[PDB]
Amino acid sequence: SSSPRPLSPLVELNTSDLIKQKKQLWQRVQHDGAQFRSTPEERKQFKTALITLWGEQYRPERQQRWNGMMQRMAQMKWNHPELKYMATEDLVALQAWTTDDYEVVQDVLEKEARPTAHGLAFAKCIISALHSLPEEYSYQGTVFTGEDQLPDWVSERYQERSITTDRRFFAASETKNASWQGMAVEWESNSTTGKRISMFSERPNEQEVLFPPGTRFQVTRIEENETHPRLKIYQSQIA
């Protein structure tokens, strides 16, 4: 009888055996592929995760933020009828991905990551959004990424002539803009179904393409340099 809605309007996140939850989610991602979809219950869990992400004292502010994102995305579905089958909370997840909230979810399905309930809830709605966006949101072209990862991080995940099944939310840009920092690792990735999320982003001047965990890349070449980029990865998305 605890936490009735008039006293506690957010559903509590499932905190039991997070390692098992992460294993079950990764199995589902691989099995469901492009048919992965968040359930109504998972969308409500994602609502709790987002509103509570900063702790109790920020829930009133983050509730207002949540309401504003929901309104923006409901309006977006109306103004862009190709999106009318999207779940509003899945679109909100794409907007949330483009905020600083991304750190809770980017790596949550990595084998060695410590999972959190918040990250797992975010992940389900982002993955659902990416696989439910219509095909006109897919980008066909080379997309660009830079990250400050260590050499062993790269070699644990990418090998020339091998297929990487990426467990990360892997972000890239359609454009290779000048940047203030030369990154330790760069990628050139050929996208076939990577999804353009600029329409949903909080940084509308960006042209971000986002791949979900489970994306497969044929790694064709890894270049080494003595200075940045220490590693440059050339890879191509495959079915």
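Position 1 is the first residue in the sequence shown; the rest follow in order.
For the pair 167-175 and 24-32, the record assigns the higher mean C-alpha temperature factor to 24-32. Mean C-alpha B-factor is higher over 203-211 than over the other stretch, the pair under comparison being 188-196 and 203-211. When the Cα B-factors of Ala113, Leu120, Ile126, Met73 are read from the PDB record, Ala113 comes out highest. When the C-alpha B-factors of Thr145, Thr98, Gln159, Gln149 are ranked from the entry, the top spot goes to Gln159. Among the modelled residues of the chain, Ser1 sits in the highest third by CA temperature factor in this PDB entry. In the deposited entry, the Cα temperature factor of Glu82 sits in the top third of values across the chain's modelled residues. Per the PDB record, residue ranking by Cα B-factor puts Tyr58 in the middle third of the chain.
Per-chain ranking of the deposited C-alpha B factor places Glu89 in the lowest third. In the deposited entry, the Cα temperature factor of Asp107 places it in the lowest third of its chain's modelled residues.
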